[PDB]
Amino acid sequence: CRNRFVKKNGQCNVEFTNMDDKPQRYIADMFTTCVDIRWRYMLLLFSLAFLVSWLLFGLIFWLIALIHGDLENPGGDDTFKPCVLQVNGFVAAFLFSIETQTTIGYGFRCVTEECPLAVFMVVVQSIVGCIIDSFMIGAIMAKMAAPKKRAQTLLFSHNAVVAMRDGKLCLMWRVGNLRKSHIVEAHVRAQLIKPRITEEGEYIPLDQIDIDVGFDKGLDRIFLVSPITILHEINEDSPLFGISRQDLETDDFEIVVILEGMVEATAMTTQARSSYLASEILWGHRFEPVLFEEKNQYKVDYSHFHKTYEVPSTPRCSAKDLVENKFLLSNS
């Protein structure tokens, strides 16, 4: 009922305000800023840069022609040589500027040996043109390769389940790869999200509490080919230790799940996220198997991926009740 901290699609539900220094901080960070904005704005920006330098040098060449007197004698003659042939006005200056910087160089408008300043300006513009190109190439390459997109070929089950596995009460959710290309050095994490008040009365608007997926033993590291069911064994140290099936219909909390790993092709790290609300957690359920063997290989049927079935033999009490009860029986 409270609210969702992280959407099922991985998107975070918080917005920032009253940030103070953001513009100056975004300028020092401008590259990050630049690759974060939408494609259409990034490109708009670069085409502006091209446009602006074309106009600028165009203006320079125009001025040079003006003062040198080339406007009235564009192609020269035996007695007169222009700084740049065929610049008759501003459009021509602009065209020349475009043809030089882009290195198209049609040649109708062309530099001559006449004016050291025009030759100089052609040197500057060629360099400046390489610089801008380099920036545009860099930004495009970067933004293109963005690894977070890989998270959309990665999959979490719509639900998480609670069931007995190997004698232990466990929280389980399913991750899968939608591509035949690997997630290298993949590993999982999970957190329980909810506000709480400490014993000193300090109010924590949202506390983030680890959910042990096997980090200490290195079992958080998975080799992901066909879908894996991720397991949190609920025990003395689990924030879920004292929670039973009925506490699930009542309580308001959220479990954030994460899967990190490197996109095989680029070895770049992507982070895939989802979330399970208390109401999205199915007590006493098990995931339908997606994997099966055929003659020469194994196949994953992905239409069973989200599916679960009831296991009525599942205990309805907390792992705490389960432990303590075990010790009334074992104790008498």
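Residue indices: 1-based, along the sequence shown.
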property	result
Entry-level comparison of average CA B-factors, 102-110 and 164-172, reporting the higher stretch	164-172
Entry-level comparison of average CA B-factors, 247-255 and 89-97, reporting the higher stretch	247-255
Selection by C-alpha B-factor (highest) of 142, 197, 186, 84	197
For residue 27, the third of its chain into which the C-alpha B factor falls	highest
Residue 261 - Cα temperature factor, lowest/middle/highest third of chain	lowest
CA B-factor ranking of residue 181, expressed as a third of its chain	middle
Modelled-residue ranking by C-alpha temperature factor, third containing residue 274	lowest
Third of chain Cα B-factors occupied by residue 120	middle
